[PDB]
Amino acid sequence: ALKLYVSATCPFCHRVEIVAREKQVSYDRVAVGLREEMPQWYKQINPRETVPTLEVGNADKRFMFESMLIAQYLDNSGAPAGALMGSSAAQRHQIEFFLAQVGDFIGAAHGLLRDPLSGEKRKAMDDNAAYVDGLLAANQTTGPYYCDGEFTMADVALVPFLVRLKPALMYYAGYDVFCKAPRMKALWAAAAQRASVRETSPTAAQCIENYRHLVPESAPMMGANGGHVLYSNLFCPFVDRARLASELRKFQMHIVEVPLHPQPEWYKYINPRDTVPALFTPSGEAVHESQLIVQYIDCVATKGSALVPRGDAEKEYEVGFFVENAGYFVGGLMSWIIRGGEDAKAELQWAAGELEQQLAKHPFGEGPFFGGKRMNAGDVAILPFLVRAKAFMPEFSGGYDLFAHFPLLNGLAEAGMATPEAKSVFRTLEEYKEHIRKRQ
């Protein structure tokens, strides 16, 4: 029989598991723990103390080491014998030469994981990804594999790492593994559809977890234990929306406090727009922009009243229109606070009127909120900025108070501020006024 000793967490093992299926070679799987859980008896079988190892023959049992030599043994043992290593001496040489480069790519990716907010380690990953894309382009005509439509050993050697790095590098370093390597992305995309790859691949959450051991303990997302991570600030009204959504939909997230002006030199790797909020998912995806984060939170959250009224197109319109108009209110309010323009005040008034008039139709029934008795995405969109308006006016506008001219919007503001969700999110009005005084 063939006995393969592996961890389901190990990309080197995955190489061998892919080849086995590609070649229709059967084997008995033996689970073997890694690092502290690696047993002594296994170290006696393989003194290099790594997985995989292959054991051949029942009676006179011998061992084979190293994933690429084992992969090659399996390829040489199923028909056509050796096909995965190429069909000509020229093609085989190009597969061999490629294989002799994959280790630098791996080393660069693991190096980034070990220091994920290093600029210098980020540039090394860029350069190595680009380098590999150049090797693909030099060998390819059409793609998607290294030898075009033929899946070979070149692809097997690399794919297990592409699978795990895509979510892992986004989650731990805000890095897109493919940003400098479009050809490598098309190679990964086609490889991931092959039964041999998809039936042996771990989940995105598993790829993040299985790489946790490389990442430094002080990296900002580590306290999340693989959960949703919200990059945040206690004073930012845009973040407030996300945290309101989260409180309203009982949506657990790990809060990372990012200071602002100055923000840390690394935050630009998490969001290239250098703004909070930013949400990262347990699948290693980035969800950017406060109201987009709110809408995301509302799609996947299980507990609560819906913030977006799915199933009703007209009601979805109302919420969409209020949120758009809330955007125009925000732009007007924030400009007017910071630079004090007259064009700014007029745009604030216009947008308030758009909000107020739709509030006056009560499309979500009676009650003080745009959502009626309860807050919807509309309410979440506007409330933090009404709170900012309450702090700014009339102290810092020589007497002008927007809320004297817009009673329904003042109702929504007072009723929002008085909810439990609001009081677990917002600073005190004085803290907001003080922030304005520091700013000017």
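Residues carry their position along the shown sequence, with the first being 1.
S.K.: So which stretch wins on mean C-alpha B-factor, 176-184 or 195-203?
M.R.: So the stretch with the higher mean C-alpha B-factor is 195-203.
S.K.: So, looking at the entry's B-factor column for Cα atoms, which has the higher mean, 410-418 or 45-53?
M.R.: Result of the comparison: 410-418.
S.K.: Can you pull the Cα B-factors for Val163, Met153, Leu234, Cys147 from the entry and say which is highest?
M.R.: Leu234 has the highest C-alpha B-factor of those listed.
S.K.: Just the C-alpha B-factor column, please: which of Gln140, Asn325, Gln252, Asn271 has the biggest number?
M.R.: That would be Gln252, according to the entry.
S.K.: In terms of the CA temperature factor given in the entry, to which third of its chain does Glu431 belong: lowest, middle or highest?
M.R.: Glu431: CA B-factor falls in the highest third of its chain.
S.K.: Tell me, lowest, middle or highest third: where does the Cα B factor of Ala404 rank within its chain?
M.R.: As the PDB entry reports it, the C-alpha B-factor of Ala404 lands in the highest third of its chain.
S.K.: What third of its chain's C-alpha B-factors does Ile293 belong to: lowest, middle or highest?
M.R.: Ranked within chain, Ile293 CA B lands in the lowest tercile.
S.K.: Comparing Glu395 with the other modelled residues of its chain, is its CA B-factor in the lowest, middle or highest third?
M.R.: It falls in the top third of the chain.
S.K.: Against its chain's modelled residues, does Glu66's Cα B factor rank lowest, middle or highest third?
M.R.: Its C-alpha B-factor belongs to the lowest third of this chain's values.
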